[PDB]
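Structure record follows, encoded as structure tokens.
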Amino acid sequence: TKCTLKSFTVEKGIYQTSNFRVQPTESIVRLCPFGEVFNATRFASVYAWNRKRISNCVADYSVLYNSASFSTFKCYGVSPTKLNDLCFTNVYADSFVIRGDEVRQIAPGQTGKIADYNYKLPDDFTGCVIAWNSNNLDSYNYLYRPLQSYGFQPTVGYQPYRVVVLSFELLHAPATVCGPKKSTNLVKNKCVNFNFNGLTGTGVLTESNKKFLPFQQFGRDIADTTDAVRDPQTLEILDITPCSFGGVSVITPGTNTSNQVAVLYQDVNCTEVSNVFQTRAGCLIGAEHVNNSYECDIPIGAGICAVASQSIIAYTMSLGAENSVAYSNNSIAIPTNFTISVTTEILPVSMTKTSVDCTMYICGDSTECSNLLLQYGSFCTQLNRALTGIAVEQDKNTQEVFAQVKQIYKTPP
Amino acid sequence: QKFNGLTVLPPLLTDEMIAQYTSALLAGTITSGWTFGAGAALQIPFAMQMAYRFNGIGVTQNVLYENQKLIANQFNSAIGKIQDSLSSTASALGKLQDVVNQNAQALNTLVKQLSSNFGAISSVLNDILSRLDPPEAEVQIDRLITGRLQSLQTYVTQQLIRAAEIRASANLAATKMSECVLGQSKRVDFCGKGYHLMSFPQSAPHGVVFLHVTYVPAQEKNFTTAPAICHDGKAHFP
Amino acid sequence: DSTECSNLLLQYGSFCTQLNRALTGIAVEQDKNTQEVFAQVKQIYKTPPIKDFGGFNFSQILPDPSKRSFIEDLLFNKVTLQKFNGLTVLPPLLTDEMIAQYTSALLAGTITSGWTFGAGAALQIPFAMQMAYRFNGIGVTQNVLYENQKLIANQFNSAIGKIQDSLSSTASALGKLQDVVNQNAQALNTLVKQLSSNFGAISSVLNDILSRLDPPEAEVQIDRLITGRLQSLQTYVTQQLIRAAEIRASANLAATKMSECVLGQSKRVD
Amino acid sequence: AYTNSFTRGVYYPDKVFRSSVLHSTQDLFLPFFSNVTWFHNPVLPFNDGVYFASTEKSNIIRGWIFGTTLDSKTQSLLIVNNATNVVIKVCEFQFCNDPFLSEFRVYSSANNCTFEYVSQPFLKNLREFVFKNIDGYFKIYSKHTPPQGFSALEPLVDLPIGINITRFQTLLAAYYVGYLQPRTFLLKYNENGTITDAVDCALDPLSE
Ligand SMILES: *[C@@H]1O[C@H](CO)[C@@H](O[C@@H]2O[C@H](CO)[C@@H](O)[C@H](O)[C@H]2NC(C)=O)[C@H](O)[C@H]1NC(C)=O
Ligand SMILES: *[C@@H]1O[C@H](CO)[C@@H](O[C@@H]2O[C@H](CO)[C@@H](O)[C@H](O)[C@H]2NC(C)=O)[C@H](O)[C@H]1NC(C)=O
Ligand SMILES: *[C@@H]1O[C@H](CO)[C@@H](O[C@@H]2O[C@H](CO)[C@@H](O)[C@H](O)[C@H]2NC(C)=O)[C@H](O)[C@H]1NC(C)=O
Ligand SMILES: *[C@@H]1O[C@H](CO)[C@@H](O[C@@H]2O[C@H](CO)[C@@H](O)[C@H](O)[C@H]2NC(C)=O)[C@H](O)[C@H]1NC(C)=O
Ligand SMILES: *[C@@H]1O[C@H](CO)[C@@H](O)[C@H](O)[C@H]1NC(C)=O
Ligand SMILES: *[C@@H]1O[C@H](CO)[C@@H](O)[C@H](O)[C@H]1NC(C)=O
Ligand SMILES: *[C@@H]1O[C@H](CO)[C@@H](O)[C@H](O)[C@H]1NC(C)=O
Ligand SMILES: *[C@@H]1O[C@H](CO)[C@@H](O)[C@H](O)[C@H]1NC(C)=O
Ligand SMILES: *[C@@H]1O[C@H](CO)[C@@H](O)[C@H](O)[C@H]1NC(C)=O
Ligand SMILES: *[C@@H]1O[C@H](CO)[C@@H](O)[C@H](O)[C@H]1NC(C)=O
Ligand SMILES: *[C@@H]1O[C@H](CO)[C@@H](O)[C@H](O)[C@H]1NC(C)=O
Ligand SMILES: *[C@@H]1O[C@H](CO)[C@@H](O)[C@H](O)[C@H]1NC(C)=O
């Protein structure tokens, strides 16, 4: 608080220095028939390469990437690992059988009998070019380009290989195929970080009470403030409440009076972060709780105020001495003496007549800068004038309160 | 304070000049009481003026004369307490000190904002301009201007709101002086506690301090009463 | 709770500190408006156990230890008394069942002790004699009260029972109090709604813009949301300062009326 | 042959849940008290979504045909009710002068057909539907009611189709047809989270 006040001596009273919050813990997280592409019984010739458009599914791309079912695995644009985190409009796959040495030709920027007359790729990116050895299950029943057949003999560069080329459609239409959403288990009664399939916020997840209907994923109560959400993968309804947070203030009798300080947390259950005590206003730590009552010294809230006998104390403030005037309808109390007294009452009637130069305040001694200020018109003039209009009436207040005497009387000697 | 396009205007009425009004004021209310604030001043002996002011509350004039010595003693020993209450107790003028602190804080916050970046490459206008061609420089400058303008707009808005609050305070202070200094207030609990008798303004740098002299009962006894008394079949009301 | 957004806040300097302090001053001021109006008595006077105030019925005016006074209970039945993030509410210094102890003290003085209770030492006086003086002050000779006391007490009592029915059976009789509650709620509700505002950005949610954009372009989009939301916050505080000033004026008048009309007998007309 | 759609045509604009609160949103809704055309098998302009209703307890109403040209020239939807399942395709069927629907002679061709989906069947008794195109996502709205009164139309499916639908000649007992317009409404959400009332923000000076 010395810091947030920028002083080495902070005075008596209550000061706010920062906020606090419960940090989120243990975050939680809320199929395309590729078998007929890579595990197909038969593939066609390269000159008549076939293609199928794969769409409308959630596709897990690690199955054919992290295991060695292929001899060639080369992807472009996106590293092969991250395909499971991306959505695409469409996926196309080309399939054919070729010779081994001819595998290097299935790429952009290639030349040869295959690249030029059998299967040509555009000068662009390609999802993944994947190939595997196939002489174990296939090997003159394949043709290449006018056309020629392949002498695939079972007895490496001349062996048959099955090639699948994946091509993705990007942002042409709403995405129809993406990878999986590797959800995790959920927790309860704890502030957590959540990611509810497109919703990333914080709070405490508990079993909800309000009933949804079959076509609601989540709900709100006012201004997009999500209250409860049905989990799409487990089909349960849970409520959201923010994890307790708030302001923290300190109570001091003064820096040169005593370094003893108590900390006040506002609006929380003091189950969690010397002395510990609860109030209607938040729990106090370091202030000893007394029973009897006194005049409010350092206010806290909800009727509780807070040094006495070299320690801090909190108490409910007394309103005043409780006396009961004895009412009688046959008797009256009257003064039989009097005490004349004096009383000081302080009232401000002025402030310092502030005046600020806008063109110097914003730019000052710069012609080029002020050239841009002119594009904001009269802002300075209205602001300059507004300040002039207060400084003018400050002289009036002093004139109005004090100058009420027709002339200047003198005290007789 | 005021060091880069900021200033403070001097007051029209200086401290030595205001202290002449308050000397003129309470040199009247000693010599003439409520009269001088209506028309021509009328010199009235002080004790006579006080005796009337007692009558203005509801205590018979003679009470003051019979106890004139005691009243003067209590009055003086009361004024001396103010001299000493103020001379040692800090935060005596906290209400007055607050306005000064608020003004100072507003000025210091505004000045500090000159070092804010506002998303620019640099917080200082001289450096951005000194190393960027006008095209790119104006873009970086425009961010700075918008920020600084918003900071100034914030200042002037709060200053007007604070000014409005002072105006109400000034109106009250002016009002209190007219009825409590240039006259004798009848409304209760307005010019200090108790039954209002007299008051005097005292100067202050940014405000006005009043010393309110009031009559307060004490040392009271129990008596039996009767709405009226009956004598020869008639009710005698006081 | 966005680290990247925060970096884009420090560049604006003390903006948040200034706004925070402004809302602190009013909140401290609000605790003073209640201390300055209700706390007019240094002691807590109590209604005598036996109640013989010359025939004037006070039972619906004074607290009933069953629960505040009957009328107060009715008042709390005619008014219609949220925060999610960054927003909170502070409790008042003086709670409801604490303020009702100032009123039930200021009201137990004016009845028993006349106007001296809040002038100097309280002076017990029979109520009828107190009323007789009050009639004198208006400019009606004291004896009028005594001769007609039985009629005056009846009119007084039948008049109190009218308000109890006027209040309870006629709604919207506390429009002045409901507006303040309603306007406060409207200010907070509007401020919350602004979080969904786009302000020309790609998207209104900070978590989504950042999650799919590189820091370069992301900051440009983020800067737009911050500028917008910052203005929405400054607007709220500005309105609260102006509104608070009006409440202060009301609170100041309430204190004056209580001092002159409750703690004594005002003579000014209307 | 027009009729009056008193307050029909309200639907749940999103999957949000509300309770005992009045939300005022804006979307393609059927204006209240509008002129609804009561047909008793023409092609109808689509024009930014279409409210559909029918009370005819008959299987004659069997499905629809959404597309641009409704021929082999363009993909089109043969949304049909197969009386055990709802069957949807977007295959490039060719035009049929009058495709009946107990025989079926609508699916004449399937050239470069790209999307097929099936689900549970929809199935005196007034059925209401709303079909809207939005940013390529094709949604479908429905309800089942035993045409005076008020109700709400729940969603069934969103289809990420991305096609141009300008003609929706229903296949073939009467059916109403309306058109949607960008109207702001004040939807009243009950405690149960259902919609129980609505205000048409441009119908009357009062509703304004
Ligand atoms: C006037 O008489 C009443 C009642 O005798 C006094 O009130 C009581 O005074 C006694 C002694 O001070 C207290 O112990 C009681 O608590 C008071 N209340 C009662 C008994 O009702 C009253 O103090 C007398 N007035 C003065 C100032 O002497
Ligand atoms: C009223 O109270 C005042 C309080 O000052 C009394 O004045 C004091 O009286 C005592 C006893 O005679 C003296 O010892 C003091 O010196 C007096 N003080 C002053 C400042 O004069 C006064 O006597 C009281 N009068 C009555 C009638 O009770
Ligand atoms: C003062 O007025 C109250 C008005 O409520 C009286 O309380 C009522 O008395 C009537 C009969 O006279 C009962 O029917 C009500 O039930 C009472 N109200 C209650 C108990 O809340 C009270 O009796 C009056 N007292 C005096 C002394 O006049
Ligand atoms: C003055 O007015 C009061 C009430 O306004 C009258 O008192 C009433 O007396 C009449 C007849 O005696 C009754 O019918 C009313 O019900 C009484 N009202 C109350 C509240 O007591 C009174 O009679 C009038 N005249 C005088 C001379 O006082
Ligand atoms: C092909 O079949 C083998 C053996 O059953 C299996 O390990 C492999 O994963 C299958 N490929 C696909 C794409 O399912
Ligand atoms: C602290 O300093 C202030 C001002 O110098 C003084 O009034 C106060 O009594 C000091 N407190 C102590 C414990 O010395
Ligand atoms: C804190 O929560 C626990 C469990 O819900 C409850 O028993 C306790 O009373 C709460 N504390 C306060 C101050 O409400
Ligand atoms: C405070 O009062 C409570 C009343 O229940 C009592 O239990 C407790 O021991 C008291 N403590 C002190 C220090 O007076
Ligand atoms: C409709 O249902 C029948 C039997 O339930 C089934 O044989 C047929 O394949 C389905 N689909 C049609 C007719 O398009
Ligand atoms: C098939 O039709 C779709 C829809 O218009 C179109 O995008 C695609 O290019 C067509 N492909 C072929 C091979 O006809
Ligand atoms: C719909 O038709 C218009 C005709 O101008 C065309 O420009 C637009 O791209 C078409 N939309 C789709 C999704 O084919
Ligand atoms: C729906 O609301 C009604 C009336 O508020 C209530 O009785 C019922 O329990 C709630 N739940 C449902 C869906 O029945």
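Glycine also receives a Cβ, built like all others from the backbone with ideal geometry; neighbour counts cover every protein chain displayed. Values quoted throughout were computed directly from the atomic coordinates according to the rules given, and no laboratory measurement underlies them.
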Looking only at the range A:237-286, how many residues end up being within 13 Å of another protein chain (Cβ to nearest Cβ) and over 25 Å from C:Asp1 (Cα atoms)?
6
Specify the residue that is nearest to the other protein chains (Cβ to nearest Cβ); the eligible residues are those in the range D:155-178 that are out of contact with any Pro (no Cβ under 8 Å at 6 or more places or on another chain) and not aliphatic (A, V, I, L, M).
D:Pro155
Has the range A:251-265 got at least one residue that is within 16 Å of ligand 7 (Cβ to nearest atom), over 26 Å from the mean Cα position of the chain (by Cα) and crowded, with 18+ Cβ neighbours inside 10 Å?
yes
With the range B:164-238 as the region, which strands (runs of 3 or more DSSP E) entirely inside it contain at least 1 residues that are at the interface with chain A (Cβ under 7 Å from one of its Cβ atoms), surrounded by fewer than 19 Cβ atoms within 10 Å (Cβ to Cβ) and among the hydroxyl-bearing types (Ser, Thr, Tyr)?
B:207-224
From the residues in the range A:143-173 that are in contact with a strand residue (DSSP E or B) (Cβ under 8 Å, 6 or more places away or on another chain) and among the charged types (D, E, K, R), which one is surrounded by the most Cβ atoms within 10 Å (Cβ to Cβ)?
A:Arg162
Elements of type helices (runs of 4 or more DSSP H) contained in the range C:83-201, each with 2 or more residues being within 14 Å of chain A (Cβ to nearest Cβ)
C:96-112, C:127-138, C:149-169, C:175-193
What number of residues within the range A:360-369 satisfy the criterion of being more than 7 Å from chain B (Cβ to nearest Cβ) and closer than 17 Å to B:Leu6 by Cα?
1
Count - residues of the range D:23-56 that are part of a strand (DSSP E or B) and of a type outside the set (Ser, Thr, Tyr)
13
What is the number of the single condition among (1) of a type outside the set (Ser, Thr, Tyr); (2) more than 9 Å from every other protein chain (Cβ to nearest Cβ); (3) under 21 Å from C:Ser203 (Cα atoms); (4) out of contact with any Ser or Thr (no Cβ under 9 Å at 6 or more places or on another chain) that A:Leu171 does not meet?
(4)
Testing A:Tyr315 on (1) at the interface with chain B (Cβ under 7 Å from one of its Cβ atoms); (2) assigned to a strand (DSSP E or B), one condition comes back false. Which one is that?
(1)
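So that you can scan it fast, the table gives a plain yes or no per residue for (1) more than 16 Å from ligand 2 (Cβ to nearest atom); (2) more than 28 Å from C:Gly118 (Cβ to Cβ); (3) in contact with a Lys or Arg (Cβ under 8 Å, 6 or more places away or on another chain):
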{"residue": "A:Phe245", "(1), (2), (3)": "yes, yes, yes"}
{"residue": "A:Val290", "(1), (2), (3)": "yes, yes, no"}
{"residue": "A:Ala302", "(1), (2), (3)": "yes, no, yes"}
{"residue": "A:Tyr315", "(1), (2), (3)": "yes, no, no"}
{"residue": "A:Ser331", "(1), (2), (3)": "yes, no, no"}
{"residue": "A:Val342", "(1), (2), (3)": "no, no, yes"}
Out of all the residues in the range B:99-118, which are within 17 Å of the chain's Cα centre (by Cα) and surrounded by fewer than 12 Cβ atoms within 10 Å (Cβ to Cβ)?
B:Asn101
Lone unmet requirement of (1) away from every other protein chain (no Cβ under 11 Å); (2) more than 30 Å from D:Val16 (Cβ to Cβ); (3) within 24 Å of the chain's Cα centre (by Cα) for A:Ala308:
(3)
Given the conditions (1) part of a strand (DSSP E or B); (2) facing chain B (nearest Cβ under 7 Å); (3) under 30 Å from C:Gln30 (Cα atoms); (4) of a type in the set (S, T, N, Q), every one holds for A:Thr336 apart from (3)
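Matching residues to (1) surrounded by fewer than 18 Cβ atoms within 10 Å (Cβ to Cβ); (2) at negative phi; (3) within 7 Å of another protein chain (Cβ to nearest Cβ):
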{"residue": "C:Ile226", "(1), (2), (3)": "no, yes, no"}
{"residue": "C:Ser232", "(1), (2), (3)": "yes, yes, no"}
{"residue": "C:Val237", "(1), (2), (3)": "no, yes, no"}
{"residue": "C:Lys257", "(1), (2), (3)": "yes, yes, no"}
{"residue": "C:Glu260", "(1), (2), (3)": "no, yes, yes"}
Go through the range D:8-60 and give me each residue that's of a type in the set (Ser, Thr, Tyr) and buried (at least 19 other Cβ atoms within 10 Å of the Cβ).
D:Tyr11, D:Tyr12, D:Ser34, D:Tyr51, D:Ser54
If A:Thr176 satisfies all but one of (1) surrounded by 14 or more Cβ atoms within 10 Å (Cβ to Cβ); (2) more than 20 Å from the chain's Cα centre (by Cα); (3) over 30 Å from A:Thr81 (Cβ atoms); (4) at the interface with chain D (Cβ under 9 Å from one of its Cβ atoms), what's the number of the condition it fails?
(3)
Can you run down the residue pairs with Cβ atoms below 7 Å, 6 or more apart or on separate chains, where the first is in the range D:87-100 and away from chain A (no Cβ under 14 Å) and the partner is within 15 Å of ligand 9 (Cβ to nearest atom) and basic (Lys, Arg)?
D:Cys96/D:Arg105; D:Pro99/D:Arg105
Screening C:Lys51, C:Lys78, C:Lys46 for residues that are assigned to a loop (DSSP other than H, G, I, E, B), of a type in the set (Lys, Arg) and more than 25 Å from the chain's Cα centre (by Cα) leaves only C:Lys51
Kindly evaluate C:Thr103 against the criterion of being of a type in the set (S, T, N, Q), closer than 24 Å to C:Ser168 by Cβ and more than 16 Å from ligand 9 (Cβ to nearest atom).
yes
Check on C:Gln35, assigned to a helix (DSSP H, G or I) and in contact with a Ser or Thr (Cβ under 7 Å, 6 or more places away or on another chain)
no
From B:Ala24, B:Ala51, B:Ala78, B:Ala72, residue being surrounded by 19 or more Cβ atoms within 10 Å (Cβ to Cβ) and farther than 23 Å from A:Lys406 by Cβ
B:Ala51
Would you mention how many residues in the range A:202-218 are within 30 Å of C:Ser2 (Cα to Cα) and touching a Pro at 6+ places or on another chain (Cβ under 9 Å)?
4
Meets criteria (at the interface with another protein chain (Cβ under 9 Å from one of its Cβ atoms), charged (D, E, K, R) and out of contact with any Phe, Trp or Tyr (no Cβ under 7 Å at 6 or more places or on another chain)) for B:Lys69
no
For the range A:299-312, enumerate the residues that are in a loop (DSSP other than H, G, I, E, B) and either within 16 Å of ligand 1 (Cβ to nearest atom) or buried (at least 19 other Cβ atoms within 10 Å of the Cβ) (or both).
A:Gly303, A:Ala306, A:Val307, A:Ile312
Number of positions in the range A:34-75 that are over 44 Å from the mean Cα position of the chain (by Cα) and aliphatic (A, V, I, L, M):
4
May I ask you to list the residues in the range D:80-136 that are within 22 Å of D:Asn59 (Cβ to Cβ) and basic (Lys, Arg)?
D:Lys89, D:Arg105, D:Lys124, D:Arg127
Given (1) part of a helix (DSSP H, G or I); (2) more than 7 Å from chain B (Cβ to nearest Cβ), identify the lone condition not met by A:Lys406.
(1)
